[PDB]
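Reviewing the structure listed below.
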Amino acid sequence: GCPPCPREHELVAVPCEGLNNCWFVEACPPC
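Just so you know, the authors' numbering puts the end of the sequence shown at 31, numbered straight through with nothing missing.
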């Protein structure tokens, strides 16, 4: 999914019109 810490809110997956319901991992939180 997303990289190991640290990580803030990197857009590894492109948000569908702002929404996060179309990712491999739905919005990785800070670390």
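We treat Cβ as the ideally placed atom computed from N, Cα and C, and that holds for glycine.
{"query": "Is the beta carbon of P6 sitting closer than 7 Å to the one on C31?", "result": "yes"}
{"query": "If you run the structure through DSSP and keep just helix, strand and coil, what is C16?", "result": "strand"}
{"query": "Give me, in chain order, the residues of the same chain whose beta-carbon lies closer than 6 Å to that of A13; leave out the 5 immediate sequence neighbours on both sides.", "result": "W23, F24"}
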